[PDB]
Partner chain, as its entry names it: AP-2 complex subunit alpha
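The chain below stands alone and is given in structure tokens; this is the form solved without the partner chain.
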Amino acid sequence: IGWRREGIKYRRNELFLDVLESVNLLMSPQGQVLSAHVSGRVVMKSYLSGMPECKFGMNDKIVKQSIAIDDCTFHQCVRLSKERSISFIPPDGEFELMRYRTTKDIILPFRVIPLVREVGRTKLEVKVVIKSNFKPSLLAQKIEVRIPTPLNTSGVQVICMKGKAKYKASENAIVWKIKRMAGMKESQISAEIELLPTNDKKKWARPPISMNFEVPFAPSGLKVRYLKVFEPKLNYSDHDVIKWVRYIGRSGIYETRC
């Protein structure tokens, strides 16, 4: 076992799991889900004594809410069995335990509803509504909604009740930023886009509205059920180990077409 030395002792035997997922979405103008997947990693940070037999249990459905892995690679320390149990003697400190992909039953934490109105050929009226879709006790953090503007843009007027927004002319986008937002809510932004005149013939190819966010759950639906520690020499049971998990779900590509 060349990934863990043999001397290791801690009074405080503790581990931390980070489930880190990036959720990706392409949505049609009329709310259809054109494409969506999650990529995830589980990172373990183990401060455990001796050489212990860890067993990682999740809400895998092949084994309540239960979920569907398309595929995954593991860290060499993992004993490949097909009971679908995850067994290993972990390296010390921090390492990547598994990497995975999911396409089915994904929680899309945000819904984006765009509305666009042409006003002659002098301006565009734009309304965008975002809906948080997740437990109300949970807050999303670091929410950005990026609304692209045409190249013939004289100037931009925006109102929003939540957040701050700026027209960023060099980037050709309005950028709305919200610090915090809770589950099962709505917010909207209105903007009026002043146009320059332009070659009437070439039309605007409206790129998507994209979002960034971070959420404290796994959009795949993954929940950690247990992490079991057995060290058969040393005199500490499983229930002596202090165990922690956190979830950090972040947008990848998360685009809604208008």
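Positions refer to the first chain, counted from 1.
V63, though modelled here, lacks coordinates in at least a third of the other entries of this protein that were compared and that model residues flanking it. Of the other compared PDB entries of this protein that include residues on both sides, all give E171 atoms, none of them, and so not a third, leaving it without. In this entry, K82 is separated from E83 by 1 to 3 residues of the deposited sequence that have no coordinates. The segment from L34 to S35 is modelled without interruption, since every residue of the deposited sequence in that interval carries coordinates.
Per the PDB record, of the two stretches 88 to 96 and 71 to 79, 71 to 79 carries the greater mean B-factor over its C-alpha atoms.
A summary of the deposited B-factors shows that, of 219 to 227 and 203 to 211, the stretch with the larger mean C-alpha value is 203 to 211. Highest CA B-factor among the listed residues (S39, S46, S190, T198): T198.
In this entry, the residue among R12, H239, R250, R246 with the greatest C-alpha B factor is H239. Among the modelled residues of its chain, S132 has a C-alpha B-factor that falls in the lowest third according to the deposited record. Placement of the Cα temperature factor of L124 within the chain: highest third of the modelled residues, per the deposited record. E118: CA B factor in the highest third of modelled residues in this chain (values from the PDB entry).
Heads up, the form solved in complex with the partner chain isn't pictured, but that's what we're talking about next.
The single contact residue among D92, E144, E125, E171, judged by any heavy atom lying within 4.5 Å of the partner chain in the entry with it bound, is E125. In the entry with it bound, at least one heavy atom of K201 sits within 4.5 Å of a heavy atom of the partner chain.
Contact annotation for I86: none of its heavy atoms lies within 4.5 Å of the partner chain in the entry with it bound. In the entry with it bound, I113, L115, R117, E118, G120, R121, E125, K127, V129 are the residues of 101 to 130 with at least one heavy atom within 4.5 Å of the partner chain, listed from first to last.
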